[PDB]
Structures are given as C-alpha cells and as structure tokens.
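First, one chain by itself in structure tokens, the form deposited in one PDB entry.
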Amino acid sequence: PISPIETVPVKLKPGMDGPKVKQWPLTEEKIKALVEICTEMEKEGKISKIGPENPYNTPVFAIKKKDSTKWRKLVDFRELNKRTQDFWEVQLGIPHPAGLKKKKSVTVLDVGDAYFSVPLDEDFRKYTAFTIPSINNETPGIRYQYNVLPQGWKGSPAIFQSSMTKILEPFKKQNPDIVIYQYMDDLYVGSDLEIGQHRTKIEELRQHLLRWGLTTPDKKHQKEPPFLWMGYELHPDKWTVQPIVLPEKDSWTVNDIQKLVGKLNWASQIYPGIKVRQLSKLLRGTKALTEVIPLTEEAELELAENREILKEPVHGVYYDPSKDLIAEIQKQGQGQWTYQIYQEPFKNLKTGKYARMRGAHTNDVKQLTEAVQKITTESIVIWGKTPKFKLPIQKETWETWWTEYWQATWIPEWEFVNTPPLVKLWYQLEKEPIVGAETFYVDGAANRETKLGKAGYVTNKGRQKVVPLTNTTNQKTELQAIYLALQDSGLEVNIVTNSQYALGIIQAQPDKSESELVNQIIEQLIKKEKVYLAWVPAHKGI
C-alpha cells in the first residue's frame, strides 16, 4: 500500500519552471515492461493519468533488478533535479559488520516497493509528469504523474530515509532492547531473546510497518543464518564479505583495471595485505577507458599476491564493547601500509590499508601519522572510540621527530611492536656547524625568460664549481647547488644556502620525493655522517 505518512513539502528553485524534456525512443521490450508496470502502479494509485493541463514531461526508462524477473522503472529527472530545491542528506555513512555486537537472534527484513509506498508532495506531482511511448509509435503516449516517490529524483532517498525513521521511531522507543540497523528499506534486527520471543517481536515489527503502508514480503525475510546484509554474510559468531570475484582476464583495459582496483579496495576491508599501488599506477597517463594496458611485472606480482590472499577464507568478528580495540599497523613499502583492528589476537574485527600520497616530499613518519589519523577516524565512525595502536616505530624515533618538527603532531595511545620493517628517520641535520668540515657556500640562479640556469658553490678551502643547467628554474637550480655540495664533500659537510625553498624541503627530513633532484639529495644525505645546512640572507655582502 501507500504510507499514510505526511508528505515532505518540496519546492522548485526560485525563478525556475518544471522540466519539458521529450521522451527518447525506447525498446519495445522496455515499452511493454513499462506499460505493465505503469498499469499496475495506476491500479494501485501510485501514478495518476494526466491530460493537456500538464505542460511538463521527463524521459522514462527501465533497468533490470537483481531479481532479473522484475523491472526497475527509472525517470531521467536530471532537469527537474537541477531545478529542484536543495536537500540535506541524512545518510552520513555505511554500517559495518565489525561494529555489530553479538546477538542470539537475528532477522534481516527488506521493505517491499519502498519508494512507491511513500506519497509525494501534491504540489510537486505536476513536475513528475512522464509519458510512456506507444509500441511502434502511431498512437499518442499515455501521460502519467507520480503520486509517490519516484526512482531517479534527487529528493526521493532523503525523504524515504526520514519517513522510515519516523515510522520506526515508535517501535524503537517501545522496544529499546532490540537493535535495529536501518539502511534505506533494509532492516537488520538483533536481539538476545529466545528464538520464539524474537520471532514474536519480528511479527510485531512487521505488523507495525504494515500499518504505515510498508509491506515486508516473506520472499526477502531472512530467518536463518547466514544472513545477507549490506554486502556481507553474517553468521552467529563470524562475518564475512559476500564472495568477491576477481576477473581472470589475460588482456586488461583501463576500465577493467579500475574495476579490479575498486574490487581489491573493497576486499581490503577484511582480507589482509591487499596491495593496489602497482595496479593503480597503470591508470596514470591513460585516457580512454577501452585502452588495453599491458600489465607490468610489478603489477602482475601485486595481482598474484592479492589473488593468493583472496583464496583463503577469512572472516571478521563482532564488536565486544567490554574489551579493548587494538589496531596494528605494518609497513608494506613504497608508501603502502596495512592495518588490522582486533580485540583478541588472530581474530580481526576488520582490516584495511593506507596508501595515499600526500605532499611532494614526505617520510615514513609523516605517512604513519596520516595512517594513524585515518584509522582513528574510521574507528570513531564504526565503534565510536579510538583504538590502541601497535606501531612499528620506536618511541625514541617518534620522540625525536615530534620534538624536532616545526608542526604540531601527535599519535594516540600506542605501543611499539618489533615487526620489521621499522619506521625510522634516515638522516639528521646538525643543529650546530661542524668543526673541521669543509664549508660549502652554494647558490642557484635562473633567468625566467630562457629557462637556463646556473648551480654553483665555493668552499672555504678554495674549491669551486659552476655547473650549467638547461630547462631548470631558480628553485631547481638551488636544489642542484645543494646536490653539488653534497656530492663534492666528505662524510661531514657544512652547507650555506641562500634558498628557503631548498632548506624548507631538506629540513623536513624527506625520505621519498615526487622529484629525482630531491630523491638524489636524499640518498646523499643518508650516506654522509653529519650535515649542517644554513640559510644566509642572499645579496647582503655575505
């Protein structure tokens, strides 16, 4: 039926009118399916026939549901969506099974014909006018307007989510011990009651929903485990993802690589060690989605590793609020990190990765801090509390970094775990000049017309060099001058630069850069035993 719920008042944007978009030609199978759907909808009062008094139209079409025997009628409301008032979305995220607590009795319910059970604002119905084109043209089209929430309109999801919340509020208030996860029309219902009492409560909930015009057909009412909920299979003690199929293709295109990367990112929520950086690097530079991309050796090795990971059967566990959350982080190399959130050893609540590359130049400590922040925010989302971190960084290393860093940085309660590779800073800059070491005064110049530049240095002992550079900028010439200074020195060196770009990068202790001049300097700085770098105001007589 249709909900007796109050309609949400909806208006158009100021100064705008309703859509007047013509119906595009439609496949005769699609036309017949739409005709039958519209006949049933009009018999049920969900759509209403309209005549010449309505000057609006919007194209309709149909797709195939997961039922593959029923059709989903959709309306291309893009013009109406652009001319519709703005909404605020109430769905702020996706529920996760790792955030679920253990329940003795579980029932999954799907509300049937969800959108079409919620009435639409009467003043807005005229803008939802559509036309079902006749089979083989000839006859004029049957023109309808929506009396309920249409699929394709940008206001339908939020309105349905508010209506479902309002409908569920009385039952939840009168049954506070029952847990109800509400995602659109999908309802997970968990309780600690006996199976008979739980089924009685489920029948009570179904009766409450039917009074508001929401049906809960037995076809999609799950009573026994495993429960298919939100893309997961829920068992009484463990949860798993629904089977994730990785293509076994021998020729890969850009779109196929994107699909595989997305599927591996999805699988990384429970499967440990999933890496996608090598495959994702194949997407840079490319253009057409149909362009075949030859898989490199590194990409093939990551794909084989991910496949080897995904053949074993893994499962998550349900949250235990009495025990403590522990997130352990591991370095995967090349800026990739894995992490496992668990409360008991070898029983993961959830798994994940962090591989975002922020900044042109960075080190492992900064990336570990970023990963810790990401895991912290994800844990606050899922369980509402920050976990205890097991980080592969020594307390001395973190102390040195955060005391000697010019930014405010922090990591929540964490303990060091001795699992290599360990996070460490690969070089340190001397706080004072080194006595007995050659002092290099370096500089880099570049006129911004011809893009030609000079990198030079002189030492206190008389040595000098003046390498010329092509297609470089002032910044790049200063970095080059520092590079010469590092190359042409012993294990201990004092370098005086008149560049704050250079000193600003080199002082942040980079260990990896999206530049080969900074990356080359990094290898020279790791070899030297002591390096003092000093800025001196430039043209001053120094």
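Just count from 1 along the sequence shown to find any residue number.
Beyond the structure shown, there is the form deposited with a small molecule bound, which is absent from this document and is the topic of what follows.
I'd like to know whether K451 contacts the small molecule in the bound PDB entry, with contact meaning heavy atoms within 4.5 angstroms. Contact check for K451: no, nothing within 4.5 Å of the small molecule in the bound PDB entry.
Mark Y181 yes when one of its heavy atoms lies within 4.5 Å of a heavy atom of the small molecule in the bound PDB entry, and no otherwise. Heavy-atom contact with the small molecule at 4.5 Å: present for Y181.
So in the bound PDB entry, does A371 come within 4.5 Å of the small molecule, heavy atom to heavy atom? Close contact is absent here: in the bound PDB entry, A371 is far from the small molecule, nothing within 4.5 Å, heavy atoms only.
Is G190 part of the interface with the small molecule in the bound PDB entry - any heavy atom within 4.5 Å? Answer yes; at least one heavy atom of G190 falls within 4.5 Å of the small molecule in the bound PDB entry.
Contact stretch among 121-129, 299-307, 285-293, 97-105 - heavy atom within 4.5 Å of the small molecule in the bound PDB entry: Residues of 97-105 come within 4.5 Å of the partner.
Looking at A437, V276, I329, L234 here, can you tell me which has any non-hydrogen atom within 4.5 angstroms of the small molecule in the bound PDB entry? For this set of options, the contacting one is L234.
In the bound PDB entry, which of the listed residues (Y441, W252, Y144, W229) lies with a heavy atom within 4.5 Å of the small molecule? Filtering the options by heavy-atom distance leaves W229.
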